[PDB]
Each structure stands twice: as C-alpha cells, then as structure tokens.
Amino acid sequence: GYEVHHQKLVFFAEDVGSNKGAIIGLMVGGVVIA
Amino acid sequence: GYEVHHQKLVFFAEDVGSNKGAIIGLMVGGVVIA
Amino acid sequence: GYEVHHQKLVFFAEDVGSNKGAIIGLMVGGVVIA
Amino acid sequence: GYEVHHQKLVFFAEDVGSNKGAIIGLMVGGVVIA
Amino acid sequence: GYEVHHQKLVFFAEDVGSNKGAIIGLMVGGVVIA
Amino acid sequence: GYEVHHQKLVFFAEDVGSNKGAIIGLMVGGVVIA
Amino acid sequence: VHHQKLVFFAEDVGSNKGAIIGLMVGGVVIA
Amino acid sequence: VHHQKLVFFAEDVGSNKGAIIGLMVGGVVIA
Amino acid sequence: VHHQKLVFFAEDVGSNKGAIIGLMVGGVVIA
C-alpha cells in the first residue's frame, strides 16, 4: 500500500497577510522597485 | 492501493488577506513599482 | 485502486480578502504600478 | 528610465513538439496515467 | 538607468520535444504513474 | 546605471528532450511511480 | 472646546481608499 | 483647548490607502 | 492647551499606505 497525507506549502503567510510592496512568485526577468 | 489526501498550497494567505501593493504569480517580463 | 481527495489551492486568500492594489495571476509582459 | 525586452518562457518545447503521454501545467489533484 | 534583456526559462526542452510519459509543472497531490 | 542580460534557467534539457517517465516541477504530496 | 479644520487638504486628492477622519471618539471604521 | 489644523497638506496627495486621522481619542480604525 | 499644525507637509505626498495621525490619545489604528 501507499498512503500519503497532511502535507502543505505556504509561500507568503497563513492566518494573516499584509502587503504594501511587491510579491512575485516567479520572474524570468524584470525590475522590481518596492 | 494508492491513497492521497489532505494536501494544500497557499500562495498569499489564508483566513485574512490585505493588499496595498502588487502581487504577481508569474511574470515573464516587466516592471513592478510598489 | 486509486483514491485521491481533499486537495486545495489558495492564491490570494480564503474567508476574507481585501485589495487596494494590483493582483495579477500571470503576466507575460507589462507594467504594474501599485 | 526602464527598459525590459526579450524574455521568454518555454514549458514543453519550441520549434518541435511530439506528445504521446500526458502534459499538465497545473493540477490540484488527481490520477495521471502515462 | 535600468536595462534587463535576454533572459529565458526552459522547463522540459527547446528545439525538440518528445514525451511518452507524464510531465507536470505543479501538482498539489495525486498519483502519477509513468 | 544597471544592466543585467543573458541569464537562463534550464530544468530538464535543451536542444533535445526525451521522456519515458515522470517529470514534476513542484509536488506537495503524492505517489510518483516510474 | 474650539475645534477647527482638524484635517486640511489644500490641493487635489487623487484617490481615497481608506479612512479620512477628522475627530474620532468611538465606534469602528473598516475602510 | 484650542485645536486647529492638526494635519496640514499644502499640495497634492496622490493616493490614500490608509488612515489619515486628525484627532484620535478612542475606537478602532482598520484601514 | 494651544495645538496647531502638529503634522505639516509643504510639498506633494505621493502615496499613503500607513497611519498619518496628528494627535493620538487612545484607541487602535491598524493601517
């Protein structure tokens, strides 16, 4: 048998998030000013 | 057998989120000013 | 047998979300000012 | 002054594609057989 | 003064692709058979 | 003065791709058979 | 006892997406 | 006892996405 | 007893994403 359970992944936050700047998950090329 | 359950993925937040800036998931090219 | 259940994916938030800026999921090219 | 040019993103191939299986960009859950 | 040019991201191949199995960019859960 | 050019990222191959198994960029959980 | 012009703007305000309050005593503002 | 022009802007304000309060005594401001 | 021009801007303010308060006594500000 194969049993897999209860995995997670959190990029920015969990249960409260604020953002006044730039959040990018993936960026091949560019400019970010924050 | 194969049993897979209870996986998640959270990019920005969960249960409360605020944003006053730029959130991009994927960006091949560009300019972000936040 | 194959059993897969209870997966989720949350980009911005869940159960309460605010936005005063720019939220882009995918952007091949451009400019964002937030 | 800002200049951002000539960026590319390639998932599977360019100039020739041949597929006799499964290709998925994003999957939240499920059984993929190939 | 900013100049950002000539960037690339390649997942599987370029100039020739051949697939007889499974290719997944992002998976949150599940059984992949190949 | 800033100049950033000629960067590349290659996951699986370039100029020839051949796959008879499983290729996953990101996985949060699950059974991969190959 | 003498309150006058608590918040004063002298030129354009481009956009308001938040609370501009002159005098706050009680209550709840969610902007 | 004489409160006057607590917050003063003399030219443009481009964007407001937050609390601009002249006098705060009590309450809750969530901007 | 005489309060005047606690916070003074003489040129442009480009963007506000936070609390600008003249006189704080009590309460809760979440900007």
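Chain E residue numbers are taken from Swiss-Prot; in order, the displayed residues are 680-713.
For all residues, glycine too, the Cβ spot is worked out from N, Cα and C.
Taken from Swiss-Prot, the feature O-linked glycosylation site applies to E:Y681. Taken residue by residue with DSSP, E:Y681 (O-linked glycosylation site) is part of a strand.
Under the heading site 'Implicated in free radical propagation', Swiss-Prot lists E:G704. In the three-state DSSP classification, E:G704 (site 'Implicated in free radical propagation') falls within a strand. Proximity of E:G704 (site 'Implicated in free radical propagation') to non-local residues of its own chain (separation of 6 or more, Cβ distance below 8 Å) is seen for E:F690, given in sequence order.
Positions annotated as site 'Susceptible to oxidation' by Swiss-Prot: E:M706. Note on E:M706 (site 'Susceptible to oxidation'): other Cβ atoms within 10 Å of its Cβ, all shown chains, come to 26.
Using a 10 Å Cβ-Cβ cutoff, E:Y681 (O-linked glycosylation site) registers 15 neighbours. For E:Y681 (O-linked glycosylation site) paired with E:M706 (site 'Susceptible to oxidation'), the C-alpha to C-alpha distance reads 36 Å.
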